[PDB]
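**Student:** coords.txt is the file, holding compact mmCIF, C-alpha atoms:
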```txt
# COMPACT_ATOMS: atom_id res chain seq x y z
CA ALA A 961 0.00 0.00 0.00
CA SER A 962 2.46 2.63 1.23
CA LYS A 963 5.56 0.86 -0.08
CA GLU A 964 4.08 1.24 -3.57
CA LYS A 965 4.26 5.03 -3.37
CA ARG A 966 7.84 5.03 -2.02
CA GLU A 967 9.29 2.66 -4.58
CA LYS A 968 7.81 4.69 -7.42
CA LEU A 969 9.17 7.94 -6.00
CA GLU A 970 12.58 6.31 -5.73
CA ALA A 971 12.15 5.02 -9.30
CA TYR A 972 11.52 8.60 -10.41
CA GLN A 973 14.62 9.80 -8.57
CA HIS A 974 16.65 7.22 -10.48
CA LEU A 975 15.21 8.40 -13.81
CA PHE A 976 15.75 12.05 -12.92
CA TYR A 977 19.36 11.22 -12.06
CA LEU A 978 19.86 9.68 -15.52
CA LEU A 979 18.41 12.85 -17.04
CA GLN A 980 20.95 14.98 -15.12
CA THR A 981 23.96 12.87 -16.06
CA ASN A 982 23.13 12.36 -19.76
CA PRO A 983 22.37 15.78 -21.28
CA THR A 984 21.22 14.19 -24.54
CA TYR A 985 17.74 13.29 -23.28
CA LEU A 986 16.75 16.79 -22.14
CA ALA A 987 18.60 18.51 -24.95
CA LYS A 988 16.42 16.58 -27.44
CA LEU A 989 13.34 17.22 -25.30
CA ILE A 990 13.87 20.96 -25.40
CA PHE A 991 14.21 20.81 -29.18
CA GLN A 992 10.76 19.20 -29.40
CA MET A 993 9.18 22.33 -27.93
CA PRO A 994 7.06 25.12 -29.48
CA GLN A 995 8.70 28.47 -30.23
CA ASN A 996 7.05 30.59 -27.53
CA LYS A 997 7.99 34.12 -26.53
CA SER A 998 8.06 32.68 -23.01
CA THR A 999 10.04 29.71 -21.66
CA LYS A 1000 8.13 29.73 -18.36
CA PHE A 1001 7.07 26.07 -18.72
CA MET A 1002 10.24 24.41 -20.01
CA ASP A 1003 12.26 26.50 -17.55
CA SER A 1004 10.46 25.02 -14.55
CA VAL A 1005 10.64 21.52 -16.04
CA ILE A 1006 14.40 21.66 -16.74
CA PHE A 1007 15.69 23.77 -13.87
CA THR A 1008 13.72 21.72 -11.34
CA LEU A 1009 15.50 18.56 -12.43
CA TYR A 1010 18.77 20.22 -11.44
CA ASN A 1011 17.47 21.83 -8.24
CA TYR A 1012 18.22 25.14 -9.99
CA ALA A 1013 21.92 24.35 -9.71
CA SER A 1014 21.98 24.34 -5.91
CA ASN A 1015 25.51 22.88 -5.93
CA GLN A 1016 28.62 22.63 -8.09
CA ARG A 1017 27.66 19.17 -9.37
CA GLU A 1018 24.27 20.29 -10.64
CA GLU A 1019 25.76 23.51 -11.94
CA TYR A 1020 28.25 21.50 -13.97
CA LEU A 1021 25.64 19.15 -15.38
CA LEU A 1022 23.24 22.03 -16.16
CA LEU A 1023 25.84 23.90 -18.23
CA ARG A 1024 26.51 20.63 -20.04
CA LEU A 1025 22.84 20.54 -21.01
CA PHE A 1026 22.91 24.21 -22.14
CA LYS A 1027 26.02 23.56 -24.20
CA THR A 1028 24.55 20.41 -25.77
CA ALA A 1029 21.16 22.01 -26.47
CA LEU A 1030 22.59 25.27 -27.82
CA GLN A 1031 24.92 23.35 -30.13
CA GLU A 1032 22.01 21.30 -31.39
CA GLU A 1033 19.80 24.38 -31.86
CA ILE A 1034 22.40 26.28 -33.89
CA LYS A 1035 23.09 23.22 -36.02
CA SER A 1036 19.50 22.32 -36.88
CA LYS A 1037 17.43 25.47 -36.36
CA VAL A 1038 19.40 28.61 -37.17
CA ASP A 1039 19.29 28.93 -40.95
CA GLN A 1040 20.98 32.27 -41.68
CA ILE A 1041 21.84 33.75 -38.27
CA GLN A 1042 20.04 36.96 -37.30
CA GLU A 1043 17.31 34.57 -36.19
CA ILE A 1044 19.20 34.53 -32.90
CA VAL A 1045 18.39 38.24 -32.65
CA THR A 1046 15.01 38.35 -34.39
CA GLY A 1047 13.46 35.05 -33.31
CA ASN A 1048 12.96 33.20 -30.03
CA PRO A 1049 16.02 30.92 -29.73
CA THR A 1050 14.74 28.55 -27.03
CA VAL A 1051 18.13 27.80 -25.51
CA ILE A 1052 19.43 31.36 -25.57
CA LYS A 1053 16.46 32.68 -23.62
CA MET A 1054 16.57 29.70 -21.27
CA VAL A 1055 20.17 30.56 -20.41
CA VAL A 1056 19.24 34.22 -19.90
CA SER A 1057 16.20 33.22 -17.84
CA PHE A 1058 18.39 31.01 -15.67
CA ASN A 1059 20.71 33.97 -15.12
CA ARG A 1060 17.82 35.91 -13.56
CA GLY A 1061 18.42 33.87 -10.43
CA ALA A 1062 20.62 34.63 -7.42
CA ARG A 1063 23.94 34.20 -9.22
CA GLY A 1064 23.09 36.16 -12.38
CA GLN A 1065 21.23 38.86 -10.43
CA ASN A 1066 24.14 39.42 -8.04
CA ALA A 1067 26.47 39.75 -11.02
CA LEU A 1068 24.32 42.31 -12.80
CA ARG A 1069 24.11 44.54 -9.72
CA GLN A 1070 27.90 44.49 -9.22
CA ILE A 1071 28.24 45.59 -12.82
CA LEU A 1072 25.43 48.16 -13.07
CA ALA A 1073 24.34 49.38 -9.62
CA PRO A 1074 27.02 52.06 -9.24
CA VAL A 1075 26.16 53.87 -12.50
CA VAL A 1076 22.39 53.32 -12.26
CA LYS A 1077 22.51 54.83 -8.77
CA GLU A 1078 24.43 57.83 -10.09
CA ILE A 1079 21.70 58.45 -12.66
CA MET A 1080 18.99 57.88 -10.05
CA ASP A 1081 20.62 60.45 -7.78
CA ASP A 1082 21.42 63.25 -10.25
CA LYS A 1083 18.25 65.36 -10.01
CA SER A 1084 19.59 67.85 -12.55
CA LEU A 1085 20.35 65.38 -15.34
CA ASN A 1086 19.74 66.84 -18.76
CA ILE A 1087 20.52 64.48 -21.62
CA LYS A 1088 17.63 65.60 -23.80
CA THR A 1089 18.78 65.41 -27.43
CA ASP A 1090 15.67 66.33 -29.45
CA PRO A 1091 15.83 69.96 -30.71
CA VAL A 1092 12.03 70.25 -30.77
CA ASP A 1093 11.68 69.02 -27.19
CA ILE A 1094 14.43 71.36 -26.00
CA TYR A 1095 12.63 74.19 -27.80
CA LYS A 1096 9.31 73.38 -26.11
CA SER A 1097 10.91 73.15 -22.67
CA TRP A 1098 12.52 76.50 -23.41
CA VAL A 1099 9.28 78.24 -24.40
CA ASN A 1100 7.49 76.77 -21.38
CA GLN A 1101 10.32 77.73 -19.03
CA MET A 1102 10.06 81.34 -20.20
CA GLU A 1103 6.28 81.23 -19.97
CA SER A 1104 6.37 80.29 -16.27
CA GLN A 1105 9.31 82.63 -15.58
CA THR A 1106 7.63 85.64 -17.18
CA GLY A 1107 3.99 84.77 -16.57
CA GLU A 1108 2.92 85.65 -20.10
CA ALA A 1109 2.27 83.44 -23.11
CA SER A 1110 5.30 83.48 -25.42
CA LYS A 1111 4.80 84.94 -28.89
CA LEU A 1112 6.66 81.93 -30.24
CA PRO A 1113 4.63 79.01 -31.65
CA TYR A 1114 4.47 75.85 -29.51
CA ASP A 1115 4.61 73.66 -32.60
CA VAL A 1116 7.83 74.07 -34.54
CA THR A 1117 10.04 71.95 -36.89
CA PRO A 1118 13.48 70.64 -35.81
CA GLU A 1119 15.28 72.90 -38.26
CA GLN A 1120 13.28 75.95 -37.20
CA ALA A 1121 13.72 74.92 -33.58
CA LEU A 1122 17.51 74.84 -34.00
CA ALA A 1123 17.15 78.33 -35.45
CA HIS A 1124 17.27 79.72 -31.89
CA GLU A 1125 20.72 80.18 -30.36
CA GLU A 1126 19.47 79.20 -26.91
CA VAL A 1127 18.19 75.89 -28.31
CA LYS A 1128 21.44 75.12 -30.12
CA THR A 1129 23.33 75.95 -26.93
CA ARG A 1130 21.26 73.71 -24.70
CA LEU A 1131 21.48 70.97 -27.30
CA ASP A 1132 25.27 71.17 -27.45
CA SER A 1133 25.30 70.97 -23.68
CA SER A 1134 22.80 68.08 -23.55
CA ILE A 1135 24.73 66.20 -26.23
CA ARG A 1136 27.94 66.35 -24.21
CA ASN A 1137 26.05 65.06 -21.18
CA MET A 1138 24.48 62.12 -23.01
CA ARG A 1139 27.96 61.17 -24.13
CA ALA A 1140 29.54 61.40 -20.66
CA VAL A 1141 26.65 59.49 -19.07
CA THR A 1142 26.79 56.81 -21.76
CA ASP A 1143 30.55 56.62 -21.42
CA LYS A 1144 30.23 55.81 -17.70
CA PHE A 1145 27.91 52.89 -18.38
CA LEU A 1146 30.06 51.62 -21.23
CA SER A 1147 33.19 51.73 -19.08
CA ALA A 1148 31.52 50.08 -16.09
CA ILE A 1149 30.47 47.22 -18.40
CA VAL A 1150 33.68 46.89 -20.43
CA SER A 1151 35.89 46.77 -17.33
CA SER A 1152 33.79 44.17 -15.52
CA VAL A 1153 33.94 41.21 -17.87
CA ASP A 1154 35.11 39.12 -14.91
CA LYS A 1155 31.93 39.95 -13.02
CA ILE A 1156 29.73 38.23 -15.64
CA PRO A 1157 28.77 34.72 -14.47
CA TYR A 1158 31.00 32.00 -15.93
CA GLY A 1159 27.91 30.15 -17.12
CA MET A 1160 26.99 33.20 -19.18
CA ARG A 1161 30.47 33.76 -20.61
CA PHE A 1162 30.84 30.05 -21.26
CA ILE A 1163 27.63 29.97 -23.31
CA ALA A 1164 28.76 32.98 -25.33
CA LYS A 1165 31.94 30.99 -26.02
CA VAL A 1166 29.81 28.04 -27.13
CA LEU A 1167 27.55 30.26 -29.25
CA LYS A 1168 30.43 31.89 -31.08
CA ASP A 1169 32.06 28.51 -31.73
CA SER A 1170 28.85 26.91 -33.00
CA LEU A 1171 27.94 29.86 -35.22
CA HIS A 1172 31.42 30.03 -36.73
CA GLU A 1173 31.03 26.34 -37.51
CA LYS A 1174 27.71 26.71 -39.31
CA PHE A 1175 28.52 30.01 -41.01
CA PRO A 1176 32.24 29.96 -41.97
CA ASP A 1177 31.54 32.82 -44.37
CA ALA A 1178 30.31 34.97 -41.47
CA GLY A 1179 32.71 37.74 -40.48
CA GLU A 1180 34.29 37.97 -37.03
CA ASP A 1181 32.42 41.26 -36.66
CA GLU A 1182 28.98 39.92 -37.53
CA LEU A 1183 29.58 37.11 -35.02
CA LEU A 1184 30.72 39.36 -32.21
CA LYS A 1185 27.62 41.47 -32.73
CA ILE A 1186 25.62 38.28 -32.23
CA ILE A 1187 27.48 37.61 -28.99
CA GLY A 1188 26.65 41.17 -27.94
CA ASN A 1189 22.98 40.41 -28.46
CA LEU A 1190 23.31 37.79 -25.72
CA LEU A 1191 25.69 39.61 -23.37
CA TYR A 1192 24.47 43.16 -23.64
CA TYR A 1193 21.01 43.31 -25.22
CA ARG A 1194 19.34 40.21 -23.77
CA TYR A 1195 21.19 40.03 -20.46
CA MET A 1196 21.83 43.63 -19.40
CA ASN A 1197 19.59 46.01 -21.34
CA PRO A 1198 16.33 45.03 -19.58
CA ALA A 1199 17.97 45.63 -16.20
CA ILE A 1200 19.18 49.12 -17.15
CA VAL A 1201 15.67 49.85 -18.40
CA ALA A 1202 14.02 48.52 -15.23
CA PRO A 1203 16.67 48.40 -12.46
CA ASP A 1204 14.19 47.83 -9.65
CA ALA A 1205 12.33 44.99 -11.39
CA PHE A 1206 15.71 43.33 -11.98
CA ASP A 1207 17.05 43.90 -8.46
CA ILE A 1208 19.88 46.19 -9.52
CA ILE A 1209 18.69 48.67 -6.90
CA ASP A 1210 16.52 48.28 -3.79
CA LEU A 1211 13.77 50.88 -3.55
CA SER A 1212 11.65 51.53 -0.46
CA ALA A 1213 8.87 49.04 0.29
CA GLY A 1214 6.53 51.30 -1.67
CA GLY A 1215 8.82 53.22 -3.99
CA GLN A 1216 9.18 53.31 -7.77
CA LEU A 1217 11.26 55.11 -10.37
CA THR A 1218 10.19 58.62 -11.35
CA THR A 1219 9.19 59.23 -14.97
CA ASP A 1220 12.41 61.26 -15.32
CA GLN A 1221 14.52 58.41 -14.00
CA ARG A 1222 12.83 55.89 -16.26
CA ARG A 1223 13.12 58.15 -19.29
CA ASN A 1224 16.80 58.77 -18.59
CA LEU A 1225 17.65 55.09 -18.19
CA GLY A 1226 15.62 54.36 -21.29
CA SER A 1227 17.75 56.76 -23.31
CA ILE A 1228 21.03 55.49 -21.93
CA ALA A 1229 20.00 51.90 -22.63
CA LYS A 1230 19.18 53.02 -26.19
CA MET A 1231 22.65 54.59 -26.53
CA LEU A 1232 24.32 51.37 -25.39
CA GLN A 1233 22.11 49.30 -27.69
CA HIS A 1234 23.27 51.36 -30.68
CA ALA A 1235 26.89 51.14 -29.60
CA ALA A 1236 26.80 47.35 -29.10
CA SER A 1237 25.59 46.76 -32.65
CA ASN A 1238 27.39 49.68 -34.31
CA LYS A 1239 23.95 51.06 -35.28
CA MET A 1240 23.91 54.76 -36.29
CA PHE A 1241 21.10 57.23 -35.67
CA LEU A 1242 19.53 57.90 -39.04
CA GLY A 1243 16.77 60.17 -40.32
CA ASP A 1244 17.18 63.90 -40.87
CA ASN A 1245 19.09 64.38 -37.63
CA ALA A 1246 22.51 65.83 -38.53
CA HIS A 1247 22.71 67.43 -35.08
CA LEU A 1248 23.30 63.88 -33.80
CA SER A 1249 26.46 63.37 -35.83
CA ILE A 1250 28.54 63.91 -32.67
CA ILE A 1251 26.59 61.05 -31.10
CA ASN A 1252 27.08 58.82 -34.15
CA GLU A 1253 30.83 59.43 -34.05
CA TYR A 1254 30.74 58.44 -30.39
CA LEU A 1255 28.77 55.28 -31.23
CA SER A 1256 31.33 54.14 -33.83
CA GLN A 1257 34.15 54.64 -31.34
CA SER A 1258 32.14 52.93 -28.59
CA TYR A 1259 31.46 49.92 -30.76
CA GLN A 1260 35.21 49.30 -30.84
CA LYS A 1261 35.22 48.96 -27.07
CA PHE A 1262 32.11 46.77 -27.04
CA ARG A 1263 33.63 44.52 -29.71
CA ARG A 1264 36.78 43.79 -27.71
CA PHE A 1265 34.56 43.21 -24.65
CA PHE A 1266 32.40 40.64 -26.43
CA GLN A 1267 35.62 38.96 -27.52
CA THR A 1268 37.14 38.92 -24.03
CA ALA A 1269 33.89 37.63 -22.51
CA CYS A 1270 34.22 34.46 -24.63
CA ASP A 1271 37.80 33.86 -23.51
CA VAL A 1272 36.88 31.47 -20.75
CA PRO A 1273 38.07 27.98 -19.63
CA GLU A 1274 36.42 24.78 -20.81
CA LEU A 1275 33.88 23.18 -18.50
CA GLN A 1276 36.34 20.52 -17.30
CA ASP A 1277 38.96 23.06 -16.25
CA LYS A 1278 36.57 25.50 -14.63
CA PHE A 1279 35.01 23.03 -12.21
CA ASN A 1280 38.38 21.37 -11.61
CA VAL A 1281 37.18 17.93 -12.65
CA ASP A 1282 38.85 14.97 -14.30
CA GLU A 1283 36.10 12.27 -14.26
CA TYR A 1284 32.60 12.75 -12.61
CA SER A 1285 34.02 10.73 -9.74
CA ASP A 1286 34.46 14.35 -8.68
CA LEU A 1287 31.70 16.82 -7.77
CA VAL A 1288 29.72 13.89 -6.33
CA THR A 1289 30.25 14.87 -2.69
CA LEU A 1290 26.52 15.24 -2.09
CA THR A 1291 26.55 11.48 -1.46
CA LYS A 1292 23.02 10.49 -2.49
CA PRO A 1293 21.76 13.01 -5.09
CA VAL A 1294 18.19 14.03 -4.37
CA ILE A 1295 16.06 16.04 -6.78
CA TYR A 1296 13.41 18.00 -4.89
CA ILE A 1297 10.26 17.89 -6.96
CA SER A 1298 6.50 17.98 -6.34
CA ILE A 1299 3.90 15.46 -7.53
CA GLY A 1300 2.60 18.05 -9.96
CA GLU A 1301 6.04 18.52 -11.47
CA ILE A 1302 6.61 14.75 -11.64
CA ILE A 1303 3.44 14.40 -13.68
CA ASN A 1304 4.49 17.16 -16.07
CA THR A 1305 7.97 15.69 -16.50
CA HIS A 1306 6.73 12.10 -16.86
CA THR A 1307 4.13 13.18 -19.43
CA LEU A 1308 6.71 14.98 -21.58
CA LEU A 1309 9.24 12.13 -21.55
CA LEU A 1310 6.46 9.81 -22.69
CA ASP A 1311 5.29 12.10 -25.52
CA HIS A 1312 8.77 12.43 -26.99
CA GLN A 1313 10.19 9.12 -25.83
CA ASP A 1314 11.43 8.00 -29.24
CA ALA A 1315 12.75 11.47 -30.10
CA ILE A 1316 14.80 11.76 -26.89
CA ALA A 1317 15.99 8.15 -26.97
CA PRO A 1318 16.13 7.03 -30.63
CA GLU A 1319 17.97 3.77 -29.80
CA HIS A 1320 15.54 0.93 -29.12
CA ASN A 1321 17.87 -0.40 -26.42
CA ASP A 1322 18.39 2.97 -24.68
CA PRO A 1323 18.31 2.37 -20.88
CA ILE A 1324 15.63 5.03 -20.34
CA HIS A 1325 13.07 2.90 -22.20
CA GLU A 1326 13.04 0.25 -19.48
CA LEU A 1327 12.96 2.85 -16.70
CA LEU A 1328 9.91 4.52 -18.25
CA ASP A 1329 8.34 1.12 -18.94
CA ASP A 1330 8.45 -0.21 -15.39
CA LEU A 1331 7.57 3.24 -14.07
CA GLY A 1332 4.36 2.68 -16.00
CA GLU A 1333 1.42 5.05 -15.80
CA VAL A 1334 1.59 8.77 -15.20
CA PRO A 1335 0.43 9.32 -11.60
CA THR A 1336 -2.79 11.11 -10.69
CA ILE A 1337 -2.81 14.44 -8.83
CA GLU A 1338 -3.14 12.17 -5.79
CA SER A 1339 -1.79 8.63 -6.11
```
Take the structure from the file and write it as structure tokens.
**Tutor:**
Amino acid sequence: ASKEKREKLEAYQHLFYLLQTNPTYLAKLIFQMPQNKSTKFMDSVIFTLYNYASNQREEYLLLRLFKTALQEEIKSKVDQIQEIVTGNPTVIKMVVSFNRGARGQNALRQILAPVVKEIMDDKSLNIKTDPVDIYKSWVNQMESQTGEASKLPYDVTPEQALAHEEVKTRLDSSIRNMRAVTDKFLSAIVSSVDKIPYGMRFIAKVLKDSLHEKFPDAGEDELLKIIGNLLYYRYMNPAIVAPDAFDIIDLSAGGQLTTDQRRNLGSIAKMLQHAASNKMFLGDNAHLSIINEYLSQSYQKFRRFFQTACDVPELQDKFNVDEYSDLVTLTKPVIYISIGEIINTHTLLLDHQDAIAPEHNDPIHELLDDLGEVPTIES
């Protein structure tokens, strides 16, 4: 009666252990999943099986899965690159999602907190770069200073806005500020490559190697920009845009960013985004040429950074392991999982059983066989 339950739970533990030690099964499983903007479901299924990397052993095995899955994904899913940027690369976003945990979060704050705080603090931060906006603020400032409605029109074109010396002066000043502010963020990021979690740098290393192997004709530049999509755009950008939501800063129990603070961070994030991909501001905005020159120069720094980030030790060397006989100091590996999660996992393995274990004599087939029927919410 009761022994039935136990034995099955132990049987599951055994199966889960096989899943952890042989990345092939779960790598294949992930491949057999729908391209969703969210990885919420597969994240809980996968991460749970590794206890969210609670120890070095699990951490090692998890990265092995990421490596295996990413390699597979690039090889049989990425047709002409750019899809990594444009699409929803399952593995890439899983890696980023995993790095939203304690480790990754701690790393981001060490890298960004100082500069984000600076921006948060500076009450008098003017990095406004739109001539029309500067014009409007000007007219309104006079209006409230004087107390009379200005004779100047509220609606004006950029060229006619720049017609005023005061506008051009404020713009020149604002431009210099945007550059200084953006330079502080760039520097803080470029000089903190070592603060980025190994798991993140390692995957960038894997990504670059896999891409170079599928697209030999792809230039070292086009590949580094792809790595930047992972390192800067996907990993850091969201946190600069929403520092509180990403635990970069700790606001009062009931505090939130001011619209000024959000706007400012939004603009800086935009600057960095352009720099990381060597993307110039276009349109009829010649007043921004100073900014574009800064972006081209900045890209050089970002490029070397993306390169350095990939210069990381192989998995074996990093975790100081020669055989697997290592890491296993946890004695009896236990995977902490609920009945609900067991049912989800069991159901998936059964739906893709032949896809995850193509060999008819694969050991997992027997394990799943004797494990039998998927349990009920209460068995």
**Student:** Per residue of range 1041-1144 of chain A within 12 Å of range 1000-1007 of chain A, which atom pair is closest and at what distance in Å (one decimal), using all atoms listed in the file, listed by chain and increasing number, as a Markdown table?
**Tutor:**
```
| residue | atom | partner | partner_atom | distance |
| --- | --- | --- | --- | --- |
| A:1050 | CA | A:1002 | CA | 9.3 |
| A:1051 | CA | A:1003 | CA | 10.0 |
| A:1052 | CA | A:1003 | CA | 11.8 |
| A:1053 | CA | A:1003 | CA | 9.6 |
| A:1054 | CA | A:1003 | CA | 6.5 |
| A:1055 | CA | A:1003 | CA | 9.3 |
| A:1056 | CA | A:1003 | CA | 10.7 |
| A:1057 | CA | A:1003 | CA | 7.8 |
| A:1058 | CA | A:1003 | CA | 7.8 |
| A:1059 | CA | A:1007 | CA | 11.4 |
| A:1060 | CA | A:1003 | CA | 11.6 |
| A:1061 | CA | A:1007 | CA | 11.0 |
```
**Student:** How many Å lie between CA of residue 1121 in chain A and CA of residue 1250 in chain A, rounded to one decimal?
**Tutor:** 18.5 Å
**Student:** Name the residues in contact with range 1312-1317 of chain A at a cut-off of 9 Å, using all atoms listed in the file, excluding same-chain residues fewer than 5 positions from it; report them as number ranges by chain.
**Tutor:** A: 984-989, 992, 1307, 1322-1325, 1328
**Student:** Which of these residues is nearest to residue 1025 in chain A, using only C-alpha atoms: A:1166, A:1094, A:1079, A:1149?
**Tutor:**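 Checking each candidate against residue 1025 in chain A, we get A:1166 as the closest.
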**Student:** Step by step: start from the point (23.2, 20.7, -15.5) in the file's coordinates, keep every protein, DNA or RNA residue that has an atom no farther than 12 Å from it, count all atoms listed in the file, and write the set as a ChimeraX atom specification.
**Tutor:** /A:976-984,986-987,1006-1029,1055,1058,1159,1275
**Student:** Could you dump the residues just selected with C-alpha atoms as an mmCIF file, in the frame of the given file?
**Tutor:**
```
data_model
loop_
_atom_site.group_PDB
_atom_site.id
_atom_site.type_symbol
_atom_site.label_atom_id
_atom_site.label_comp_id
_atom_site.auth_asym_id
_atom_site.auth_seq_id
_atom_site.Cartn_x
_atom_site.Cartn_y
_atom_site.Cartn_z
ATOM 1 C CA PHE A 976 15.750 12.050 -12.920
ATOM 2 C CA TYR A 977 19.360 11.220 -12.060
ATOM 3 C CA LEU A 978 19.860 9.680 -15.520
ATOM 4 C CA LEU A 979 18.410 12.850 -17.040
ATOM 5 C CA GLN A 980 20.950 14.980 -15.120
ATOM 6 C CA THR A 981 23.960 12.870 -16.060
ATOM 7 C CA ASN A 982 23.130 12.360 -19.760
ATOM 8 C CA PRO A 983 22.370 15.780 -21.280
ATOM 9 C CA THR A 984 21.220 14.190 -24.540
ATOM 10 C CA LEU A 986 16.750 16.790 -22.140
ATOM 11 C CA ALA A 987 18.600 18.510 -24.950
ATOM 12 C CA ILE A 1006 14.400 21.660 -16.740
ATOM 13 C CA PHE A 1007 15.690 23.770 -13.870
ATOM 14 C CA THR A 1008 13.720 21.720 -11.340
ATOM 15 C CA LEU A 1009 15.500 18.560 -12.430
ATOM 16 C CA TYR A 1010 18.770 20.220 -11.440
ATOM 17 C CA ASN A 1011 17.470 21.830 -8.240
ATOM 18 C CA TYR A 1012 18.220 25.140 -9.990
ATOM 19 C CA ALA A 1013 21.920 24.350 -9.710
ATOM 20 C CA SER A 1014 21.980 24.340 -5.910
ATOM 21 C CA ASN A 1015 25.510 22.880 -5.930
ATOM 22 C CA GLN A 1016 28.620 22.630 -8.090
ATOM 23 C CA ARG A 1017 27.660 19.170 -9.370
ATOM 24 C CA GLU A 1018 24.270 20.290 -10.640
ATOM 25 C CA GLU A 1019 25.760 23.510 -11.940
ATOM 26 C CA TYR A 1020 28.250 21.500 -13.970
ATOM 27 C CA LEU A 1021 25.640 19.150 -15.380
ATOM 28 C CA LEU A 1022 23.240 22.030 -16.160
ATOM 29 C CA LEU A 1023 25.840 23.900 -18.230
ATOM 30 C CA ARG A 1024 26.510 20.630 -20.040
ATOM 31 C CA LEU A 1025 22.840 20.540 -21.010
ATOM 32 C CA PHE A 1026 22.910 24.210 -22.140
ATOM 33 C CA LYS A 1027 26.020 23.560 -24.200
ATOM 34 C CA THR A 1028 24.550 20.410 -25.770
ATOM 35 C CA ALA A 1029 21.160 22.010 -26.470
ATOM 36 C CA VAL A 1055 20.170 30.560 -20.410
ATOM 37 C CA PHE A 1058 18.390 31.010 -15.670
ATOM 38 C CA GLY A 1159 27.910 30.150 -17.120
ATOM 39 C CA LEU A 1275 33.880 23.180 -18.500
#
```
**Student:** Take CA of residue 1235 in chain A and CA of residue 1262 in chain A and report the distance between them in Å, one decimal.
**Tutor:**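 These atoms are spaced 7.3 Å apart.
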**Student:** Which polymer residues have any atom within 12 Å of an atom of residue 1226 in chain A, counting all atoms listed in the file, with same-chain residues fewer than 2 positions away left out, as a PyMOL selection string?
**Tutor:** chain A and resi 1076+1079+1087-1088+1138+1142+1197-1203+1217+1219-1224+1228-1233
**Student:** Reconstruct N, CA and C atoms of range 1289-1304 of chain A from the incomplete input and present them as an mmCIF file, keeping the file's coordinate frame.
**Tutor:**
```cif
data_model
loop_
_atom_site.group_PDB
_atom_site.id
_atom_site.type_symbol
_atom_site.label_atom_id
_atom_site.label_comp_id
_atom_site.auth_asym_id
_atom_site.auth_seq_id
_atom_site.Cartn_x
_atom_site.Cartn_y
_atom_site.Cartn_z
ATOM 1 N N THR A 1289 29.965 14.858 -4.120
ATOM 2 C CA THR A 1289 30.250 14.870 -2.690
ATOM 3 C C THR A 1289 28.936 14.958 -1.924
ATOM 4 N N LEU A 1290 27.848 15.148 -2.667
ATOM 5 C CA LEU A 1290 26.520 15.240 -2.090
ATOM 6 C C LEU A 1290 26.000 13.854 -1.708
ATOM 7 N N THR A 1291 26.884 12.863 -1.791
ATOM 8 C CA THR A 1291 26.550 11.480 -1.460
ATOM 9 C C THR A 1291 25.407 10.955 -2.321
ATOM 10 N N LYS A 1292 24.197 10.971 -1.769
ATOM 11 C CA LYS A 1292 23.020 10.490 -2.490
ATOM 12 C C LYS A 1292 22.280 11.681 -3.083
ATOM 13 N N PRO A 1293 22.424 11.891 -4.403
ATOM 14 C CA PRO A 1293 21.760 13.010 -5.090
ATOM 15 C C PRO A 1293 20.246 12.930 -5.029
ATOM 16 N N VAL A 1294 19.636 13.959 -4.453
ATOM 17 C CA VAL A 1294 18.190 14.030 -4.370
ATOM 18 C C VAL A 1294 17.711 15.206 -5.206
ATOM 19 N N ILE A 1295 16.654 14.984 -5.979
ATOM 20 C CA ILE A 1295 16.060 16.040 -6.780
ATOM 21 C C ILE A 1295 14.762 16.344 -6.055
ATOM 22 N N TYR A 1296 14.607 17.588 -5.617
ATOM 23 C CA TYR A 1296 13.410 18.000 -4.890
ATOM 24 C C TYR A 1296 12.353 18.457 -5.876
ATOM 25 N N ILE A 1297 11.312 17.649 -5.989
ATOM 26 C CA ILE A 1297 10.260 17.890 -6.960
ATOM 27 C C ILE A 1297 8.892 17.490 -6.416
ATOM 28 N N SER A 1298 7.862 18.251 -6.783
ATOM 29 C CA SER A 1298 6.500 17.980 -6.340
ATOM 30 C C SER A 1298 5.816 16.943 -7.223
ATOM 31 N N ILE A 1299 4.659 16.451 -6.778
ATOM 32 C CA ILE A 1299 3.900 15.460 -7.530
ATOM 33 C C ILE A 1299 3.447 16.079 -8.836
ATOM 34 N N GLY A 1300 3.055 17.348 -8.774
ATOM 35 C CA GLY A 1300 2.600 18.050 -9.960
ATOM 36 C C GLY A 1300 3.692 18.135 -11.020
ATOM 37 N N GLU A 1301 4.911 18.411 -10.573
ATOM 38 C CA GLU A 1301 6.040 18.520 -11.470
ATOM 39 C C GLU A 1301 6.438 17.143 -12.017
ATOM 40 N N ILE A 1302 6.293 16.103 -11.197
ATOM 41 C CA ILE A 1302 6.610 14.750 -11.640
ATOM 42 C C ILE A 1302 5.707 14.391 -12.816
ATOM 43 N N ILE A 1303 4.424 14.683 -12.649
ATOM 44 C CA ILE A 1303 3.440 14.400 -13.680
ATOM 45 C C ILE A 1303 3.768 15.150 -14.977
ATOM 46 N N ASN A 1304 4.152 16.419 -14.875
ATOM 47 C CA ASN A 1304 4.490 17.160 -16.070
ATOM 48 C C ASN A 1304 5.704 16.526 -16.741
#
```
